[PDB]
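Taking it in order: structure first as structure tokens, then the write-up.
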Amino acid sequence: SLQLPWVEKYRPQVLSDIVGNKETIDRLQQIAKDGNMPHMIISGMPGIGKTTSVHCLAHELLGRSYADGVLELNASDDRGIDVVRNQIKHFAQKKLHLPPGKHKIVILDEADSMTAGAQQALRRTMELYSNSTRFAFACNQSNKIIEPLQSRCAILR
Amino acid sequence: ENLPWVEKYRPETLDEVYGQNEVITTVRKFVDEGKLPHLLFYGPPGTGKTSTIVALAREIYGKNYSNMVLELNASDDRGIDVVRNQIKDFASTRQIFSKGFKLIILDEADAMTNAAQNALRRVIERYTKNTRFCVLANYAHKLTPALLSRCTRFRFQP
Amino acid sequence: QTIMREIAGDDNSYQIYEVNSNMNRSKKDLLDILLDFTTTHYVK
Amino acid sequence: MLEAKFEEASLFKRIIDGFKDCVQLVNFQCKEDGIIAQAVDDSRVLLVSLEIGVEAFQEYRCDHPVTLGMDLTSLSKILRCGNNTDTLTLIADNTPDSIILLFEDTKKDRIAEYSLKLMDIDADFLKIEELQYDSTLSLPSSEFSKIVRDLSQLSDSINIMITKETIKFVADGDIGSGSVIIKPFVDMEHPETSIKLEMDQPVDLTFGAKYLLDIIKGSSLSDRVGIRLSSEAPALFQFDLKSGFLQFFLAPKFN
Amino acid sequence: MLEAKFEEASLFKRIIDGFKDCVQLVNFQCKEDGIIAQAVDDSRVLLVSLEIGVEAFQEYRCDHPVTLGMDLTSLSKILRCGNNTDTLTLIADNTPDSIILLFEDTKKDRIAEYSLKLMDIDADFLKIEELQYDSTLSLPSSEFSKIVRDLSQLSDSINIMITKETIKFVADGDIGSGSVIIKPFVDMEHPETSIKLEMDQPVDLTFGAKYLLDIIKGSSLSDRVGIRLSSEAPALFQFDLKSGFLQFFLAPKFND
Amino acid sequence: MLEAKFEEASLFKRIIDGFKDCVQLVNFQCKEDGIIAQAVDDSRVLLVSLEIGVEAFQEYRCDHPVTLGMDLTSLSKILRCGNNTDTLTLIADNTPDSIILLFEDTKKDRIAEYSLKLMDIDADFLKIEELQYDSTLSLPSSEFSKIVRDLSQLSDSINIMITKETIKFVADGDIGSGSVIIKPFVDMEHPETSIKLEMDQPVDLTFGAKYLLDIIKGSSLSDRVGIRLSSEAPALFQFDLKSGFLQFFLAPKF
Ligand SMILES: Nc1ncnc2c1ncn2[C@@H]1O[C@H](COP(=O)(O)OP(=O)(O)OP(O)(O)=S)[C@@H](O)[C@H]1O
Ligand SMILES: Nc1ncnc2c1ncn2[C@@H]1O[C@H](COP(=O)(O)OP(=O)(O)OP(O)(O)=S)[C@@H](O)[C@H]1O
Ligand SMILES: [Mg+2]
Ligand SMILES: [Mg+2]
Numbered sequence: 006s007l008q009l010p011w012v013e014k015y016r017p018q019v020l021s022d023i024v025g026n027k028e029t030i031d032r033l034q035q036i037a038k039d040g041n042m043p044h045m046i047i048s049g050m051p052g053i054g055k056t057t058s059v060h061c062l063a064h065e066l067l068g069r070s071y072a073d074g075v076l077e078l079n080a081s082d083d084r085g086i087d088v089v090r091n092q093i094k095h096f097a098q099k100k101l102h103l104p105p106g107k108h109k110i111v112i113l114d115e116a117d118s119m120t121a122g123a124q125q126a127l128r129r130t131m132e133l134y135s136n137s138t139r140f141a142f143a144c145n146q147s148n149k150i151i152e153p154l155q156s157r158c159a160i161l162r
Numbered sequence: 011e012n013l014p015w016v017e018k019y020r021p022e023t024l025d026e027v028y029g030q031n032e033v034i035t036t037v038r039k040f041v042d043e044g045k046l047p048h049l050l051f052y053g054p055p056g057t058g059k060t061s062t063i064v065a066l067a068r069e070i071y072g073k074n075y076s077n078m079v080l081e082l083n084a085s086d087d088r089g090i091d092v093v094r095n096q097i098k099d100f101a102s103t104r105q106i107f108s109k110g111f112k113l114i115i116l117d118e119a120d121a122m123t124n125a126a127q128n129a130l131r132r133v134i135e136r137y138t139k140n141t142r143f144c145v146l147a148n149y150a151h152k153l154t155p156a157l158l159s160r161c162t163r164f165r166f167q168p
Numbered sequence: 348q349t350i351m352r353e354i355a356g357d358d359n360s361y362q363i364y365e366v367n368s369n370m371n372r373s374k375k376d377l378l379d380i381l382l383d384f385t386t387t388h389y390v391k
Numbered sequence: 001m002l003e004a005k006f007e008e009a010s011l012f013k014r015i016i017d018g019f020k021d022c023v024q025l026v027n028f029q030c031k032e033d034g035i036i037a038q039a040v041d042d043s044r045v046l047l048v049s050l051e052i053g054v055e056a057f058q059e060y061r062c063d064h065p066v067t068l069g070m071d072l073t074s075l076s077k078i079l080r081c082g083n084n085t086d087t088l089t090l091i092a093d094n095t096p097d098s099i100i101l102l103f104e105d106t107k108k109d110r111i112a113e114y115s116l117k118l119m120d121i122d123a124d125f126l127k128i129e130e131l132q133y134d135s136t137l138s139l140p141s142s143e144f145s146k147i148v149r150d151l152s153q154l155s156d157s158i159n160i161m162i163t164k165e166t167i168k169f170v171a172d173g174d175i176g177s178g179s180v181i182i183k184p185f186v187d188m189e190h191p192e193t194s195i196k197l198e199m200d201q202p203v204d205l206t207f208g209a210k211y212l213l214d215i216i217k218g219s220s221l222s223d224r225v226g227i228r229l230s231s232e233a234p235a236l237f238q239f240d241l242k243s244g245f246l247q248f249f250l251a252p253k254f255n
Numbered sequence: 001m002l003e004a005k006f007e008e009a010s011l012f013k014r015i016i017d018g019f020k021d022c023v024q025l026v027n028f029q030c031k032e033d034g035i036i037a038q039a040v041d042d043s044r045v046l047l048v049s050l051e052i053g054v055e056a057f058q059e060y061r062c063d064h065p066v067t068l069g070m071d072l073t074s075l076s077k078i079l080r081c082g083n084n085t086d087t088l089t090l091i092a093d094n095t096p097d098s099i100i101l102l103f104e105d106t107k108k109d110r111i112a113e114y115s116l117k118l119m120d121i122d123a124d125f126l127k128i129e130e131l132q133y134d135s136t137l138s139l140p141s142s143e144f145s146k147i148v149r150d151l152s153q154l155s156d157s158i159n160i161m162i163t164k165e166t167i168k169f170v171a172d173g174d175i176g177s178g179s180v181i182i183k184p185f186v187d188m189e190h191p192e193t194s195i196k197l198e199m200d201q202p203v204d205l206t207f208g209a210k211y212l213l214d215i216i217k218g219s220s221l222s223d224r225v226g227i228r229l230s231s232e233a234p235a236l237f238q239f240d241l242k243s244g245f246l247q248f249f250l251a252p253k254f255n256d
Numbered sequence: 001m002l003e004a005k006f007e008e009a010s011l012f013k014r015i016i017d018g019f020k021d022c023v024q025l026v027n028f029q030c031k032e033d034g035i036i037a038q039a040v041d042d043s044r045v046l047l048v049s050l051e052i053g054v055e056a057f058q059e060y061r062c063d064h065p066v067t068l069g070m071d072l073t074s075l076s077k078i079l080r081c082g083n084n085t086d087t088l089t090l091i092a093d094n095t096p097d098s099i100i101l102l103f104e105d106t107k108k109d110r111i112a113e114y115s116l117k118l119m120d121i122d123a124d125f126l127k128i129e130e131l132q133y134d135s136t137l138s139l140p141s142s143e144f145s146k147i148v149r150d151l152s153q154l155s156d157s158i159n160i161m162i163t164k165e166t167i168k169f170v171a172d173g174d175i176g177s178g179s180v181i182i183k184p185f186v187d188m189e190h191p192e193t194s195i196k197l198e199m200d201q202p203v204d205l206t207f208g209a210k211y212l213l214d215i216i217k218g219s220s221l222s223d224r225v226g227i228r229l230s231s232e233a234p235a236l237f238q239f240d241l242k243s244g245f246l247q248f249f250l251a252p253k254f
């Protein structure tokens, strides 16, 4: 049949097992423990543990509400202007009850491939719906994201 | 007959692929064991990457080869959106099949862009269980390292 | 918004139709709505 | 935690079709006395507030009050599945996440259960008070709907004349003018077709034709519509019901 | 050479109603026992197999096998001009190059013939790998079509679950969820609306909205539709006919 | 100056839509006996002629000939606003700069007025190129519309042969071929359907598929169509709707 690769078999399911960038990992652990997740753009070279880190952060923040509290937008699914205008807006407008301190999660992995217009429409729906949902970006190059998005996020290098 | 010899003398099985030995022995170990990960053939043109993989796919896929493989080309007149749609439709379908492990024959990946390669590796992530990918390229420096880390890298020498 | 809070004196007194880029700014989708908002009174 | 069973399937379909075309977001506020829903159009001109008593359901528990905020389009698409020969059951829970609609029938084998995810809406609650509006008349809904439909094609604005116990609708345009004048009367053969009127002061107001059409779209719930307007207060169009009422708050223009 | 005679002209229309959208090009294999046809879609997801018997023939002679390919769009374009009174008649010659269909009435001399060219694909295959199924169930086609169309607005995936002595349809989407459950009942007054079921193994496979909607649109072909469900195998959708049946192989969806 | 009230606006809509796809700009010279419209296509292959009698108008009081040049697309847009129970009245003054298309309803509460400017096209003369035709035939227009649409798919050129008193249409295509033959048949139970034929000289004419597709558009006017074919003169495709006349001329492609 098939054997599970050690890259996925031994993938850390918690933020503590992730090594490297001790300050940022500890701060993410503190955010997950307390709550009030900030908007951040995780940037850096590929294969250093950004997608795993953000997934573990979402796991530790939500728990059982992972399926209905996270909307993941990757390059495989379409991420055009209509996507941002309709499904991200509907997910932000969705009424999901969470314990205090937690918020809905919107993860856009490989955000460097986003079109300019989709990013331009993204800043307003993230500024207006910041009280219910929080966005998380993970891109290889931080220069491919326009300045307004960086002005509304704490860029993680 | 009156045809170019390039397609006339293709190796119908893995035994007629000469020159390359380590990769063929690894393929034989894989088929004997049964593990078929994601593969990546690259190197100078004419080393026989396409011939080796078509021999592999035919000797595994018997008669329903003509249905359950699909040979792709990144340089054709389709575009990134069309190739993405084709890959999703061929991977997320699970048609009338005797045995699974769908195979992707994607040639000439050196012309693929960064966003297209990221989409390809994301589709590889999502549909690993049912579909196996064997994207083919020629130069290893024209491919993003994220795509290299998700395929069994096999260099081809003259 | 701070000017509205100053002049109105209450948060609910003023009403702002804040137009963003997250919806469609097309003529056939918002023309009548904006004319209705700018023509008639607001229920309160 | 919610269990409201309508005696017929068509009632809720009609009452949600009454105000579907004007508003897109509706805020149900189910409590112990009954189900109450308020909605405001995207132009914040007309306010749709709906009240239904406990007598309109076969059973209704609602032990604790709860607010339900959902979209008109998805709800309508869900109800369009249900056959008219069914008994809708509205099921919800404390800290609402999704609303459950059960489509029961005499043939228990053919039964369907549906779910709809609620929408996070920040309701701007308003204090609706019975003010002393100057005019008060009640007229059959069909005649009002026909008059509004006829006068819509002539002008975008519809003007009313309420003076000396006379009902007149005014629509003036460049191509022509359209005026319909009918007088109050009481008919013993059919009291539902009678015209009633009670004034305190004369009123002259003008409202848009499209919003009037959206109001008359809901004329399928009652045979008669109560209109209460003031010289300075938002127009109130009340569609009476068997166990509740559906009222519309139309706002006047400027000067 | 080939004489295919239809007493009722609407039969061909209500047969090709399912073909007109599913597969772009199909070939008809005409044999002495009737006409058969098998087609595969562009994405190789749905396989459509058609069987016509001698019972639906006033007169028929097909002594030699015929390889007859055509376009379904042009077939329907010629077909919609047929009246409810005229009868049908398919005529072909040796090594056919253009199919001709004849319209003839009984009380008036109205002759309507039309020439249609043949499409060559050089692709013809017939296969029946496996036949037995874990579950047997049938239901009215109109009810099934209504259920599918009403459940299609919620999600693109429909899970046809068969629990013990019941049928369950599950569709979970972004705007909400939907669960339609129907139990097998026999209406002795009106047996057409009766639902019959026998169960051997549990059934928990899913499908797609668009292809199965393509399946349900052919409800005009038969008021009763036969449903075949089995684990680790594509479903079979059978529409009953007096001389044969039209069957579909719709692939499942990988779920884990 | 001009005041003609149509019996029904649907008749005007249908007669305008009959040749709407063929030509774009036409001239309407209206006289005592009626209104006549003639124009030529851009490719100089098609000739269009109109003639509407005065008995189809409820009231008609034109007292002097006048030419009315006006486009067809805006005319179609104007007539699309008409209703089933609305009559159309054409109004022109002594110095026509705009034409009023007034719509009148049974109830006097609905009045619709539409105005459009005049266009100045250099009007030609009645060809009178018509000469005796070798073959004349009549058949319901729906069957010829279906036959032309079916035959245009096979090839861009359609040949008409009336040899040995048999009406046959031939269109040899690159990837296919077709041949439909219709014999003269007369039906007594349904006078509406009939196949008449008169043969004087053999006919062999080939026309364009697009041209015939444009011709067959006006099938909503008359139940049956008369066809006149000549070896040298252009073919005469006349629609007889019993209120007015519509004839189409097509130059054979050589
Ligand atoms: N510091 C780390 N500790 C443990 N595992 C790690 C660490 N960094 C990376 N990994 C693993 O290495 C693999 C890399 O996966 P990803 O986190 O998706 O890579 P990435 O850093 O997001 O960059 P990409 O995916 O190429 S854009 C995963 O299996 C991770 O679990
Ligand atoms: N080791 C080999 N043994 C036998 N024939 C070979 C071998 N390598 C290449 N060939 C033949 O050489 C030709 C090259 O065909 P391909 O394998 O398609 O070329 P390629 O190596 O895939 O490189 P490209 O330019 O990317 S198609 C074919 O006719 C092969 O049969
Ligand atoms: Mg990543
Ligand atoms: Mg190659």
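Protein sequences, first through last, are from chains B, C, A, H, G and F. 6 is the number of the first residue of the first sequence in PDB author numbering; add one for each residue after it. 11 is the number of the first residue of the second sequence in PDB author numbering; add one for each residue after it. 348 is the number of the first residue of the third sequence in PDB author numbering; add one for each residue after it. 1 is the number of the first residue of the fourth sequence in PDB author numbering; add one for each residue after it. 1 is the number of the first residue of the fifth sequence in PDB author numbering; add one for each residue after it. 1 is the number of the first residue of the sixth sequence in PDB author numbering; add one for each residue after it. Idealized CB from N, CA, C, for every residue including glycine.
On a CA-only basis, which of G:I158, G:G178, G:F248 is nearest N255 (chain G)? Give me that one, please. G:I158
Just verifying my parser: in three-state terms, what is the DSSP assignment at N27 (chain G)? Looking at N27 (chain G) - three-state DSSP - the assignment turns out to be strand.
Would you check whether ligand 2 has a heavy atom nearer than 7 Å to the C-beta of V37 (chain C)? no
Have a look at the DSSP bridge pairing and note the partners of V170 (chain G). The beta-bridge partner set that DSSP reports for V170 (chain G) consists of G:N159, G:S179.
What first and last residue would you give for the alpha helix (DSSP H) that runs through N128 (chain C)? 124-136
Taking only beta-carbon positions, decide if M351 (chain A) is within less than 8 Å of chain B. No, no contact with chain B.
Under 8 Å Cβ-Cβ, which residues of chain B neighbour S368 (chain A)? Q125, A126, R128, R129
Beta-carbon separation (whole angstroms), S6 (chain B) vs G44 (chain C), contact threshold 8 Å: Between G44 (chain C) and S6 (chain B) the Cβ distance is about 6 Å, and since that is below 8 Å, they are a contact.
Determine the direct distance from the alpha carbon of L2 (chain H) to that of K107 (chain H), and round the result to whole angstroms. Between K107 (chain H) and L2 (chain H), the C-alpha separation is close to 24 Å.
Kindly confirm or deny that the stretch 238-251 of chain F and the stretch 51-61 of chain F touch, where touching means at least three C-beta pairs closer than 8 Å. yes
Verify the CB distance criterion: does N371 (chain A) have a CB-CB separation below 8 Å to chain B? yes
Where do the ends of the beta strand (DSSP E) carrying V79 (chain C) lie? 79-83
Burial state of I182 (chain H) (16 or more Cβ within 10 Å): The residue is exposed, with fewer than 16 neighbouring Cβ atoms inside 10 Å.
6 Å Cβ shell around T136 (chain G) - same chain, five flanking residues per side excluded: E198
Going by DSSP, which residues form a beta bridge with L250 (chain G)? DSSP lists G:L46, G:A235 as partners of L250 (chain G).
Determine whether the beta carbon atoms of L46 (chain C) and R160 (chain C) lie at a separation below 8 Å. no
Same chain only: Cβ atoms within 7 Å of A233 (chain F), ignoring 5 sequence neighbours per side: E129, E130, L131, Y133
Look at the Cβ atom of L118 (chain G), then the Cβ atom of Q38 (chain G), and state whether they are nearer than 8 Å. Going by C-beta atoms, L118 (chain G) is not nearer than 8 Å to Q38 (chain G).
Residues around ligand 4, please: the ones whose beta-carbon is closer than 7 Å to some heavy atom of it, in chain order. The set of residues with any CB-heavy atom separation to ligand 4 below 7 Å comprises, in chain order, C:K59, C:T60, C:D117, C:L146.
Skipping 5 residues on each side, what residues in its chain have a beta carbon closer than 7 Å to that of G89 (chain C)? Excluding residues within five positions, none has a Cβ falling inside 7 Å.
Which same chain residues, not among the five before or five after residue 338 (chain H), have their C-beta less than 6 Å away from its C-beta? Within the shown structure, residues of chain H are numbered from 1 to 255, placing residue 338 (chain H) beyond reach of any answer.
Mapping DSSP to helix, strand and coil, what is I216 (chain G)? helix
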